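> give the three-dimensional model of this entry:
(4 chains)
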Amino acid sequence: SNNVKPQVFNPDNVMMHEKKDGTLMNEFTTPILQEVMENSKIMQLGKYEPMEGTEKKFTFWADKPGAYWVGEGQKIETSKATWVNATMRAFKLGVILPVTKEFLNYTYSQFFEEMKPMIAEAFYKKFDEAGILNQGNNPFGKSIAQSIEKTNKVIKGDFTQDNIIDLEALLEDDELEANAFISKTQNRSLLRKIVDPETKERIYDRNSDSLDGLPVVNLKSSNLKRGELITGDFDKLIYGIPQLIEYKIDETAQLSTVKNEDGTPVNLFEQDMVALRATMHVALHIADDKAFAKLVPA
Amino acid sequence: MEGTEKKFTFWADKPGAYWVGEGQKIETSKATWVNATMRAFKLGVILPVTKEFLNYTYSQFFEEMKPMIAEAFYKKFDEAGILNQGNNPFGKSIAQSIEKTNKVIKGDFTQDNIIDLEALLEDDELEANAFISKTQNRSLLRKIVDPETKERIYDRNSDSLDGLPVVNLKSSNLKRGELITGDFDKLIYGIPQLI
Amino acid sequence: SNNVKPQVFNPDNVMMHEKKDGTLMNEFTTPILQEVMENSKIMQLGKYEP
Amino acid sequence: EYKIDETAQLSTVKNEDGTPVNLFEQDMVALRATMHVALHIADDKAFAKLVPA
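Residues are numbered from 1 along each chain as shown, chains lettered A, B, ... in the order given. For reference, the structure is listed below:
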């Protein structure tokens, strides 16, 4: 054939040195980032739990023995202890980034080293929005938002010291104490304008991002609406990581998920291409479905 | 700037990620970047003088006019880039961007409206940095009071509103009822040639 | 997609860590052979030829 | 001889939709074993058999 025009791909996920209009992309000015990389908020709030396999077992006390009053020479009676069990399993995150090897020579030599940070953020966000918000095809049967929905442990109404005290009070009604708040940064407008009419002191630190003395953590997600606030005992949210992010770089595989213009699968050896594969195994457990409560606009 | 134009490359998309079953196919995703560019324009004026005037009437005229020419340029630049006035040459200004994104409040000066006006930036994960004001707003700004605590948000001692600096335009185009908020690290200015 | 249930295969010769009912095979015990493996009878009886 | 491979395609095993199994996309491993072996019968008369009627 000796067809020298560049290859069209579907989807257009391949990075390329040459465009189909004939533009050839030398002297490329390396992009810069208007942002800082986000952490996992679950790895921030929750409790880490070492986990060697893809599954883990927990056992807890449930009943404690009694005692009796006995007269001299009366028969002493018996009593019984009891325990209960819980379990969590892991799921796998992954992505592939394909590159034409001209691109990696004549346009952006460092490309994969600059993607490695940006891949981690993508995994962390996928994990947080599953485990906090029940979003993004949550693989676990478990989340904060789903715990709240099964307990119906929800407050309705406006951000007020009235409703914010009631929100935390809803946890000690189950003999738990709140440890943090989850909110959407859009809504510190509302927290900034509530004050006690009696003592005339404000509940929210604009300076420290503390609400009612507890720390506030902000989600970047769009799924948590402005009027909504969540609180809980986050030591009851347990996570594990059987496999820290592993990267493989591959110069010879076939990618079936990207197709050539003629419909053939992309072959990395035969078409002179490279790809990066990242995978991570991550596990989530809500230790107590009652430990979380939500305030919602009516 | 090292010439009359500047150019910037910024990342525009992060790569996705997928939940993958046991032995299921992993899917692909891409990064992306976007380009922006900034160009200069020229300001100028000429001041003609009769030689008799410069000899007999006012010898230092040009040395003393230089400061006033400089001020005339700054007031032309500001009125083009803050407002959209003075037959603005550039593609866009703040008042252009506010009409396009429609981040405007209709209302009187109240603590609620001053807080909502900043909340219009928190909508988009941006934090307000300063205010731009008419100086004849000070009659309105000083009578804003918190009804519970009776705190006043305009610090008379520091020309500071809600703890943010206010900066005053001295132009006829910004009306007695109007106030502007932003993150001014997003204004970029360059000067290829000083006066 | 984000489809998390395990991959079905045909002929189904692939070894997998989890079953389609969701049983993850953690804490698995290494099998032990019931008989003992057979040698080649040809290699026992025949003449070798380098 | 044993060769272990982490990236090749297998064509003889197919996914639920009928696609071949790509070991790289699907995060898999395969062991290939091969051997060469040869046979000769120096005299075909040297063997005899008893068979039921």
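> how about the residues of the stretch 101-250 of chain A that lie near chain B?
A:115, A:118-119, A:121-123, A:125-126, A:130, A:136-137, A:139, A:185-186, A:188-189, A:192-193, A:195, A:197, A:200, A:220 (Cβ under 8 Å from any Cβ of the partner chain). C-betas here are computed from N, CA, C, even on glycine.
> what residues does chain A put near chain C?
A:53, A:54, A:55, A:89, A:91, A:136, A:137, A:139.
> show me what from chain A comes close to chain D.
A:92, A:94, A:96, A:250, A:252-257, A:275, A:277, A:279.
> report the longest strand in chain A, please.
Ranked by residue count and defined by DSSP state E, the top strand of chain A is strand A:82-100.
> and that strand, which residues are buried?
A:88-100 (16 or more other Cβ atoms under 10 Å in any protein chain shown).
> turn these into CSV, columns for distance to residue A:3.
CSV is the format used below for the buried residues of strand A:82-100 (distance: Cβ to Cβ, whole Å):
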residue, distance to residue A:3
A:88, 54
A:89, 50
A:90, 46
A:91, 43
A:92, 39
A:93, 38
A:94, 33
A:95, 31
A:96, 26
A:97, 26
A:98, 20
A:99, 21
A:100, 16
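> the longest helix in chain A is where?
Taking DSSP state H as the criterion, chain A has its longest helix at helix A:111-131.
> can you list the residues of chain A next to chain D in CSV and add secondary structure and distance to residue A:178?
Listed next are the residues of chain A next to chain D as CSV, based on DSSP: H, G, I helix; E, B strand; the rest coil; distance: Cβ to Cβ, whole Å:
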residue, secondary structure, distance to residue A:178
A:92, strand, 33
A:94, strand, 36
A:96, strand, 41
A:250, strand, 47
A:252, coil, 53
A:253, coil, 49
A:254, strand, 52
A:255, strand, 48
A:256, strand, 49
A:257, strand, 44
A:275, strand, 46
A:277, strand, 41
A:279, strand, 36
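> so residue A:125 touches residue A:38, yeah?
Yes. Look at residue A:125 against residue A:38 with Cβ atoms under 8 Å: they come within range, at 6.6 Å.
> hmm, back to that, how about the residues of chain A next to chain C, which pair is most distant?
A:53 and A:136 (24.9 Å; Cβ to Cβ).
> so the residue in chain A that chain B sits nearest to: helix, strand or coil?
As assessed by Cβ to the nearest Cβ, chain B sits closest to residue A:189 within chain A, at 3.7 Å. With DSSP: H, G, I helix; E, B strand; the rest coil as the basis, residue A:189 sits in helix.
> how about the nearest residue to it, chain neighbours excluded?
Excluding its sequence neighbours, the residue lying closest to residue A:189 (Cβ to Cβ, 6 or more residues apart in numbering or on different chains) is residue B:119, at 3.7 Å.
> and the gap between the one you found and chain C?
Separation of residue B:119 from chain C (Cβ to the nearest Cβ, to the nearest Å): 34 Å.
> does that residue really touch residue A:191, like I thought?
No. At 11.1 Å, residue B:119 does not count as touching residue A:191 under the criterion of Cβ under 8 Å.
> which stretches of chain A form strands?
Secondary structure of chain A, counting by DSSP E: strands at A:9-10, A:47-48, A:55-63, A:82-100, A:154-156, A:180-184, A:210-211, A:214-219, A:229-232, A:237-250, A:254-260, A:265-267, A:273-286, A:292-296.
> out of those, which one sits most buried?
strand A:229-232 (a mean of 25; mean count of other Cβ atoms under 10 Å in any protein chain shown).
> point out the other helices and strands that it packs with.
helix A:144-151, helix A:161-172, strand A:180-184, strand A:292-296 (3 or more Cβ pairs under 8 Å, 6 or more residues apart in numbering or on different chains; DSSP states H and E).
> what angle sits between the longest one and strand A:214-219?
Orientation note: helix A:161-172 sits at an angle of 100 degrees relative to strand A:214-219 (axes from the mean of the first three to the mean of the last three Cα atoms, to 10 degrees).
> buried residues in helix A:161-172?
In helix A:161-172, counting by 16+ other Cβ under 10 Å, buried: A:161, A:164, A:167, A:168, A:170, A:171.
> quick one: the fifth one and chain D, what's the gap?
Read it as residue A:170. Distance from residue A:170 to chain D, by Cβ to the nearest Cβ: 43 Å.
> same question for the second one.
Look at residue A:164 and chain D: by Cβ to the nearest Cβ, they are 46 Å apart.
> I'd guessed that residue sits against residue A:203; true?
Yes. Using Cβ under 8 Å, residue A:164 is in contact with residue A:203, at 6.4 Å.
> shared neighbours of these two, which are they?
Shared contacts of residue A:164 and residue A:203 (Cβ atoms under 8 Å, 6 or more residues apart in numbering or on different chains): A:194, A:211, A:212.
> for the longest strand of chain A, name the packing helices and strands.
Against strand A:82-100 (3+ Cβ pairs under 8 Å, 6+ apart) you get strand A:55-63, helix A:111-131, strand A:237-250, strand A:254-260, strand A:273-286, strand B:18-20.
> angle of it against strand A:273-286?
Using the same axes, to 10 degrees: strand A:82-100 against strand A:273-286 is 160 degrees.
> can you state the direction angle for strand A:82-100 and helix A:111-131?
Going by the same axes, to 10 degrees, strand A:82-100 makes 150 degrees with helix A:111-131.
> dump strand A:82-100 to CSV, restricted to CA.
Extracted as CSV, the C-alpha positions of strand A:82-100 are listed here (Å, rounded to 0.1, in the frame of the first residue of the first chain):
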residue,chain,number,x,y,z
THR,A,82,-21.6,-13.3,72.7
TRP,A,83,-19.9,-11.9,69.6
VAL,A,84,-20.8,-10.9,66.1
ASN,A,85,-18.9,-10.9,62.7
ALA,A,86,-18.6,-8.6,59.7
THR,A,87,-16.7,-8.7,56.3
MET,A,88,-15.4,-6.5,53.4
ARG,A,89,-14.1,-7.2,49.9
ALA,A,90,-11.9,-5.4,47.3
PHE,A,91,-12.7,-4.3,43.7
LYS,A,92,-10.4,-3.3,40.8
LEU,A,93,-9.8,0.1,39.2
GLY,A,94,-8.0,0.5,35.9
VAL,A,95,-7.3,2.6,32.8
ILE,A,96,-5.1,2.4,29.6
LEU,A,97,-3.5,5.4,27.9
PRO,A,98,-2.3,4.7,24.3
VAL,A,99,0.4,6.7,22.5
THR,A,100,1.9,6.7,19.0
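> between residue A:125 and residue A:38, point out the one with more neighbours.
residue A:125 (21 against 16; other Cβ atoms under 10 Å in any protein chain shown).
> could you pull up the residues touching that one?
A:38, A:40, A:220, A:221, B:17.
> do that again at 10 Å, thanks
A:38, A:39, A:40, A:41, A:136, A:219, A:220, A:221, B:14, B:16, B:17 (Cβ atoms under 10 Å, 6 or more residues apart in numbering or on different chains).
> likewise for residue A:168?
A:177, A:178, A:181, A:211, A:212, A:214, A:231, A:232, A:293.
> partners of the third one in the sheet?
Yep, that's residue A:181 we're talking about. Judged by DSSP bridges, the bridge partners of residue A:181 are residue A:216, residue A:231.
> residue A:130 contacts residue A:142, correct?
Yes. Using Cβ atoms under 10 Å, residue A:130 is in contact with residue A:142, at 9.1 Å.
> nothing else from me, thank you.
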